[PDB]
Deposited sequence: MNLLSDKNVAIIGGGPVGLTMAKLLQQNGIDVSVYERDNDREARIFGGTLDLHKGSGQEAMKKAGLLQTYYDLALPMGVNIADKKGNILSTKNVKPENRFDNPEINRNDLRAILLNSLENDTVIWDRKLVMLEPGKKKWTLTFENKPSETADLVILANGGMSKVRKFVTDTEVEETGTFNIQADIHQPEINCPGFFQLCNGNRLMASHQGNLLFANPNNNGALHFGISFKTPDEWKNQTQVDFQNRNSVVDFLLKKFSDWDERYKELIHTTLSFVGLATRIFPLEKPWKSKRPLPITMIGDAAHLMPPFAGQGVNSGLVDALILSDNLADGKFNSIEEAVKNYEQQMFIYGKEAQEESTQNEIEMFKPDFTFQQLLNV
């Protein structure tokens, strides 16, 4: 295959690790440079789920579907109202288990990580600078020895600072905002809400305030509250100390049932983040010194309320990965050129749904 050279993937998230695996399956030489300190760093967030057709195809090809099923956990979902009434409830039906079981972000990385040869990932590696060499890239790492690569694959999230050689387009705030926390022993610390989820993911929407929870992410309750960014914050409240956040949440939620409030009372620390999108507007630099591309969130960061992200990114993995091994191209530049073409197709389409959908809710109504 077209790589008797060496690849550098920047980013050990689910998309970056899948790349690594798909390449290394074909005897390609890959290293993943991850900035997490070690294998064991906690990944904050909800649970991923892999769709048939996309995410799961990624896993089928990596020879990892069964392992994914093993560790994943199917979940019904309830729609509830501001009051605690279950409006709807779709349960796991035996036949449709495998459609999209939820997996914990750390568990998934354990699966991927386990599938790579030793020392494929190089930990404690924060990429800060890239530089086109004679015939290969030079990667700069904060207070760590530099490295070289014939191909660089950016897979380092939606805030990647090293996007320039591919495009001058930059991420943008979408208009909405997300607060989220985890509650441990949710069954005694927030029994009302925990009992309300009754073993299913829970969602409720009220006057443009979204509450979404999963009662069982490896035994913790994860939840997030989303909303249109308050007119004032121009980019002012502080997620450092919680009394600030609690007053704010408890305000826009005073309307809501005591059970949800108890959710905002027990949570010890909150993390705030503005929804962003890396818009697939114009084409990317046709003029590139050395081979380089982007997959997953680096390529098309988009709002999550649709259910998008990662599947779309794992598809990137799949598609690029094949292009560079099916020998159906006479050069690397061609193969990446082609992948970037296909992904612009379904990328724009996804980003279209999620954006529009984001506008749907966060209005004065919704019904999922």
Task: Deposited-sequence stretches lacking C-alpha coordinates, listed in sequence order - done: 1-2, 238-239, 373-378
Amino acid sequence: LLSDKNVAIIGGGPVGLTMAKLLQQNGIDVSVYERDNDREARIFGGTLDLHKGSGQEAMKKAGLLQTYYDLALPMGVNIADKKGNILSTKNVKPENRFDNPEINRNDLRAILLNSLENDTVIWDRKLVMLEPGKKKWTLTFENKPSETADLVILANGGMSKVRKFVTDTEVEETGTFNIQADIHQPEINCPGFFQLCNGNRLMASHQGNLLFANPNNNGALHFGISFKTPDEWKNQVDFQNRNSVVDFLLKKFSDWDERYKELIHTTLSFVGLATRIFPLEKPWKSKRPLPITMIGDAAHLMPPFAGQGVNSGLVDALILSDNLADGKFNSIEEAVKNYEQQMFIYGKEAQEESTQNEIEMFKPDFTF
From here on, numbers count along this sequence of modelled residues.
Task: Of 315-323 and 65-73, the one with larger mean CA B-factor - done: 315-323
TODO: For the higher mean C-alpha B factor in the entry, choose 100-108 or 256-264.
DONE: 256-264
Open item on the list: So if I compare the CA B-factors in the entry for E142, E281, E173, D297, which one is the largest?
Closed with: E281
- [ ] Check the PDB entry and point out which of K161, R201, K228, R276 has the largest C-alpha temperature factor.
- [x] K228
- [ ] Select lowest, middle or highest to describe the third in which the CA B-factor of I332 falls within its chain in this entry.
- [x] highest
- [ ] Rank-wise, by C-alpha B-factor, drop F270 into the lowest, middle or highest third of its chain.
- [x] middle
Open item on the list: Among the modelled residues of this chain, does the Cα B factor of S244 put it in the lowest, middle or highest third?
Closed with: highest
TODO: Place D182 in the lowest, middle or highest third of its chain's C-alpha B-factors, as listed in the PDB entry.
DONE: lowest
Open item on the list: Taking only the Cα B-factors deposited for this chain, tell me whether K134 sits in the lowest, middle or highest third.
Closed with: highest
